[PDB]
Amino acid sequence: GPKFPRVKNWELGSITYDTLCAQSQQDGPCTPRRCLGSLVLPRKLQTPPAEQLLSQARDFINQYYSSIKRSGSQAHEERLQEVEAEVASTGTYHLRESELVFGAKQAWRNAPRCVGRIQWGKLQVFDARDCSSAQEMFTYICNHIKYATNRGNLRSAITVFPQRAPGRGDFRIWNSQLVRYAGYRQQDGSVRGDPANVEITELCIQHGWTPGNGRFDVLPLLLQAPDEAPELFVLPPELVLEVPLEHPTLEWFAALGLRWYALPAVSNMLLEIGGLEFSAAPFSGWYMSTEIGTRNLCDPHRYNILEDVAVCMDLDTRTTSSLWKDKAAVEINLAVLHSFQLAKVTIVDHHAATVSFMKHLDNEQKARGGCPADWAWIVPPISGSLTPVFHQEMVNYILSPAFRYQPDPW
Amino acid sequence: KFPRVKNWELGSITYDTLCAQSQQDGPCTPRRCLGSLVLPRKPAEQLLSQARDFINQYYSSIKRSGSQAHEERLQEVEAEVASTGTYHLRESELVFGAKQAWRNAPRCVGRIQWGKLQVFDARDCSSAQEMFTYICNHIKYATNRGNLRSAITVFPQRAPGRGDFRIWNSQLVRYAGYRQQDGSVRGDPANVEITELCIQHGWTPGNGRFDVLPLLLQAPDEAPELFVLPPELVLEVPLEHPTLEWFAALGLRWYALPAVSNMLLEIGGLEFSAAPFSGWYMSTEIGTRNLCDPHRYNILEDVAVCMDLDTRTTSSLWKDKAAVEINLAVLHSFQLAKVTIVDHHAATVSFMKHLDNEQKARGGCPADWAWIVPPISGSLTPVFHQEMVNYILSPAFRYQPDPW
Ligand code: HEM
Ligand code: HEM
Ligand SMILES: CN(C)Cc1cccc(NCc2ccc3ccc(N)nc3c2)c1
Ligand SMILES: CN(C)Cc1cccc(NCc2ccc3ccc(N)nc3c2)c1
Ligand SMILES: C[C@H](O)[C@H](O)[C@H]1CNc2nc(N)[nH]c(=O)c2N1
Ligand SMILES: C[C@H](O)[C@H](O)[C@H]1CNc2nc(N)[nH]c(=O)c2N1
Ligand SMILES: [Zn+2]
């Protein structure tokens, strides 16, 4: 019937149409000839003339005034005029605090790869647009961590540092997350710690950090204020909450000495709002257990502990058909959940998370006529079809405000 | 441009140039990606261009391009289309086309096997009764007492202004699904509609959870006819678990032969509306989807209860634990019965080898990531970490509407 993508849920047999994708102003990587939906970072996902800026600005101001039900109002028209003026005189413009708050939330709401978006309306937005030094960025980040960690009762938050400005250096956090374990390349070619972090680890060393030699050394932050060499800051150990991993029934699991940090705080993404670019805007939520238990601990190119655990479980690792990988992976995920619960640190299992995302989809269908969703990222890395999202068709597209990938500062 | 394609586990990069040979649009646009949708939303110069392209593919394959034979064959095809509006394939072209369609199937993880396919030419078939005879022989050959062999049987092509040959069943072997007026379904809920069609065509139904359906076979412009399969033709595996003795008590079983029968085979513009094909199962199809899907047999909770798992909460991972034991039981039972099956680790490992073979051979491989990655233990398999490019090449297997 309708001229919009028809979306089907194969478990429930129910049908929706996505009308929200018509609001997309930015092209993704796919064409009628070939789909590139499985690519992590296609060129059409990597990242001004006042005409371009103003149209993006006017679109955002329209979104804002819609969200507060004042579209067409005199205040709506005046805000528009005021933005056009700023841009005419300065080349850029500035967001009111309530527009920044709305924009940050909408960027999270818009993120197709995030399964946690049921929470989108509950985001504490810290305005750090007054920050003027790397030391001050550090102070702001520490406050973020303390507020967000909240002794294990985690709270979603974002801290927004000053926007990109014409002919001035960017504010940048070099680290990809506020909390990351070191990866030390060994003289034999292997890696001690997290192989994901070899590059940032070496950068920290080049910039003066004295490296340790454990599997779980917390990295210092490399913080860059405009037109300045990045500076090195060590997080006070007591600010970094970690959870030692144990298993509810396998007593030997604790002896493995595994652990993970409580706070997933992503720090290298660009926050874009109405054409304005916030190159430093770290945000944090809480973990879904599979991120830790499946990806971080079991990816072959990460900690890669699957075989070690399988051996402790006395499984047959010389043959695929024993499903030793599947058995070990399940017990590792269970250990993560059990350990976080025991430590009273917020965590969500992949079943609870995907059920809540289905509720989010229903909410958004009514509120906006759709929800951009990247199926490959939404479906968890273990037990895929055991979760409701597997059976849900999704439509993926780019809406703004958006969190976007940005090239590394070096 | 042509896409850069990365493997995140290995760091290796390829470029897919094969996608440039696609002459068929998928569902995505720059505005929105529809890569996770199961089904697509919806004359003479056209036919001739598809035909010439396929004939060119065929002679290129046998290292005889530009030969006198190649040039004459194109003339045959053109003469036929210009005079009759259609044309006909030689057996050897049909054999080549059936193999290429499998090779080109973006959703199939078993494509390492693509060059090994027994092709039965059933184009001399004029009746539903004859279709049945061919189908029985297909099943007999492919089953091979448990040493499964891939096969396809090709019934006559669609023709202008004449109804199609069709097999109404979605697979040659399916279990009945009986709708209870108390909402529920007994058997396989995926098969309620086909079960009801069989009944109204005069099938006397059973009332079990694993009653094998009769076939409904249709010759052009005729009501379909009902044919019960001889039970000795249908190999089934009773399911037991290597250590959990109670599992056998569940009374579960599955059939050996996965034989998809409702897809359309397109070769050189020609369409084969009945062309059932079969391989062997990957264990997750049975253990995970068929048995654990909420809208299928849905046995997770039953198994979880017997394992004495805490069902009160998701965070006990009862679902994950039960699914793993169910997949293991399928693997164990098929192995015990000497019936061919491949686990999802072995299968995805073979597919990565296939990807490498195809990169060298054709400069890429169309793959549908959402279907290639197995439905349990995704990131535990190498295909999870492999970027893939999805596109439609011809010869192709396609969906077609149900004949009712
Ligand atoms: C509140 C609890 C949250 C949960 C359970 C959650 C869950 C997840 C998960 C599992 C992923 C996939 C991560 C991966 O595999 O690397 C993800 C991605 C993402 N999340 Fe959420 N998230 C939460 C909060 C937030 C917040 C507060 C923001 C921003 C304000 C956010 C923005 C994003 C973005 C932009 C991505 C995609 C990142 C990328 O493309 O690399 N999330 N989330
Ligand atoms: C030889 C062993 C084979 C294995 C292990 C295998 C494996 C698989 C699996 C696991 C799927 C996903 C199906 C689903 O989830 O429902 C699939 C799909 C598919 N396979 Fe294969 N396959 C084999 C043989 C074949 C053969 C012989 C053909 C055709 C000649 C074929 C053509 C296809 C097609 C067209 C699909 C997609 C069907 C659809 O979209 O519903 N496969 N295969
Ligand atoms: C590479 N950058 C995008 C930063 C980075 C580093 C390491 C992992 C990830 N994952 C993306 C991501 C983004 C936001 C998240 C929010 C909550 C959460 N639990 N995981 C989340 C995961 C992101
Ligand atoms: C819905 N129709 C496309 C037919 C149908 C009915 C029931 C199941 C499936 N699954 C698709 C399918 C196709 C080919 C396969 C080949 C081998 C295999 N092991 N499974 C395979 C599965 C397909
Ligand atoms: C190649 C593939 O796109 C890649 O491995 C993706 C798949 N899905 C994912 N899903 C999530 N949530 N996070 C990831 O990092 C990835 N990686
Ligand atoms: C909605 C989603 O596309 C649908 O559930 C897909 C996902 N991936 C799949 N993968 C395989 N192998 N088989 C399937 O039927 C499906 N179904
Ligand atoms: Zn796409």
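Top line first, the protein sequences correspond to chains A and B. Note that the first sequence covers residues 67 to 113, 120 to 482 in the deposited numbering. Note that the second sequence covers residues 69 to 110, 121 to 482 in the deposited numbering. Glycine included, each C-beta is placed from N, C-alpha and C at the ideal position.
Taking the alpha-carbon of residue i as reference, which of the options has the nearest alpha-carbon?
{"i": "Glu303 (chain B)", "options": "B:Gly365, B:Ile245, B:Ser143 and B:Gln91", "result": "B:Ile245"}
{"i": "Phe288 (chain A)", "options": "A:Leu313, A:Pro120, A:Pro354 and A:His463", "result": "A:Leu313"}
{"i": "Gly347 (chain A)", "options": "A:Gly286, A:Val106 and A:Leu126", "result": "A:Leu126"}
{"i": "residue 23 (chain A)", "options": "A:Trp192, A:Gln128 and A:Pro98", "result": "Not covered by the structure: residue 23 (chain A). The range shown for chain A is 67 to 482."}
{"i": "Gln207 (chain B)", "options": "B:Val306, B:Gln259, B:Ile277 and B:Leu226", "result": "B:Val306"}
{"i": "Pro479 (chain A)", "options": "A:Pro108, A:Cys96, A:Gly144 and A:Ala415", "result": "A:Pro108"}
{"i": "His319 (chain B)", "options": "B:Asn134, B:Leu330 and B:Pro309", "result": "B:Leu330"}
{"i": "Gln178 (chain B)", "options": "B:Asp202, B:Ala297 and B:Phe475", "result": "B:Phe475"}
{"i": "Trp192 (chain B)", "options": "B:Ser428, B:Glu310 and B:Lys397", "result": "B:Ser428"}
{"i": "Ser393 (chain A)", "options": "B:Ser361, B:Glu169, B:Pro481 and B:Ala301", "result": "B:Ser361"}
{"i": "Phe174 (chain A)", "options": "A:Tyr477, A:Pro481, A:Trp482 and A:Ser472", "result": "A:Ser472"}
{"i": "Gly163 (chain A)", "options": "A:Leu105, A:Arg236, A:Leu335 and A:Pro316", "result": "A:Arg236"}
{"i": "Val290 (chain B)", "options": "B:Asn225, B:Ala334 and B:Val467", "result": "B:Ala334"}
{"i": "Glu169 (chain B)", "options": "B:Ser161, B:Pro234 and B:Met209", "result": "B:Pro234"}
{"i": "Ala160 (chain A)", "options": "A:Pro121, A:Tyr136 and A:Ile140", "result": "A:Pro121"}
{"i": "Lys397 (chain A)", "options": "A:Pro453, A:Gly224, A:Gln92 and A:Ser204", "result": "A:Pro453"}
{"i": "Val338 (chain A)", "options": "A:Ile217, A:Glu154 and A:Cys101", "result": "A:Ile217"}
{"i": "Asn468 (chain B)", "options": "A:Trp76, A:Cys203, A:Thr97 and A:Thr82", "result": "A:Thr97"}
{"i": "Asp93 (chain A)", "options": "B:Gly94, B:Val383 and B:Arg99", "result": "B:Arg99"}
{"i": "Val315 (chain A)", "options": "A:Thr426, A:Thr282 and A:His410", "result": "A:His410"}
Mind checking if residue i is an interface residue toward chain A, Cβ cutoff 9 Å exclusive?
{"i": "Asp93 (chain B)", "result": "yes"}
{"i": "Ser411 (chain B)", "result": "no"}
{"i": "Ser248 (chain B)", "result": "no"}
{"i": "residue 484 (chain B)", "result": "Coverage of chain B is limited to positions 69 through 482, which leaves residue 484 (chain B) absent and any answer about it impossible."}
{"i": "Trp482 (chain B)", "result": "no"}
{"i": "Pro479 (chain B)", "result": "no"}
{"i": "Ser472 (chain B)", "result": "no"}
{"i": "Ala448 (chain B)", "result": "yes"}
{"i": "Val290 (chain B)", "result": "no"}
{"i": "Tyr469 (chain B)", "result": "yes"}
{"i": "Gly456 (chain B)", "result": "yes"}
{"i": "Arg72 (chain B)", "result": "yes"}
{"i": "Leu378 (chain B)", "result": "yes"}
{"i": "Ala382 (chain B)", "result": "no"}
{"i": "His319 (chain B)", "result": "no"}
{"i": "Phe462 (chain B)", "result": "yes"}
With residue i and residue j assumed to form a contact (beta carbons below 8 Å), what rounded beta-carbon distance in angstroms separates them?
{"i": "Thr231 (chain B)", "j": "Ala200 (chain B)", "result": "5 Å"}
{"i": "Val420 (chain B)", "j": "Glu403 (chain B)", "result": "The pair is not a contact, with the Cβ atoms about 19 Å apart (cut-off 8 Å)."}
{"i": "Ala401 (chain B)", "j": "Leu378 (chain B)", "result": "7 Å"}
{"i": "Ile364 (chain A)", "j": "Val187 (chain A)", "result": "Rounded, the Cβ-Cβ distance is 14 Å, inconsistent with contact."}
{"i": "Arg252 (chain A)", "j": "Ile272 (chain A)", "result": "7 Å"}
{"i": "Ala268 (chain A)", "j": "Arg374 (chain A)", "result": "6 Å"}
Of all the CB atoms in chain B, is at least one closer than 9 Å to the CB of residue i?
{"i": "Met430 (chain A)", "result": "no"}
{"i": "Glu300 (chain A)", "result": "no"}
{"i": "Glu77 (chain A)", "result": "yes"}
{"i": "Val427 (chain A)", "result": "yes"}
{"i": "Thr97 (chain A)", "result": "yes"}
{"i": "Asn405 (chain A)", "result": "yes"}
{"i": "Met466 (chain A)", "result": "yes"}
{"i": "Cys101 (chain A)", "result": "yes"}
{"i": "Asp266 (chain A)", "result": "no"}
{"i": "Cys87 (chain A)", "result": "yes"}
{"i": "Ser127 (chain A)", "result": "no"}
{"i": "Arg440 (chain A)", "result": "no"}
(message) Which complete alpha helix (DSSP H) runs does the segment 352-408 of chain B hold, if anything under 4 residues is left out?
(response) 378-384
(request) For the segment 243-267 of chain A, list the beta strand (DSSP E) runs that are entirely contained and at least 3 residues long, ordered along the chain. (result) 255-257 and 263-265
(request) Entirely within the segment 208-238 of chain B and at least 3 residues each: give me those beta strand (DSSP E) ranges in chain order. (result) 229-232
(request) For ligand 5, list every residue whose C-beta falls under 6 Å from any of its heavy atoms, going in chain order. (result) A:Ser104, A:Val106, A:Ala448, A:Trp449, B:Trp76, B:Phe462, B:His463, B:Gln464 and B:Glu465
(request) For the segment 139-173 of chain A, list the alpha helix (DSSP H) runs that are entirely contained and at least 4 residues long, ordered along the chain. (result) 146-162
(message) So within the segment 314-344 of chain B, which uninterrupted beta strand (DSSP E) runs reach at least 3 residues, ignoring any that extend past its ends?
(response) 314-316 and 331-333
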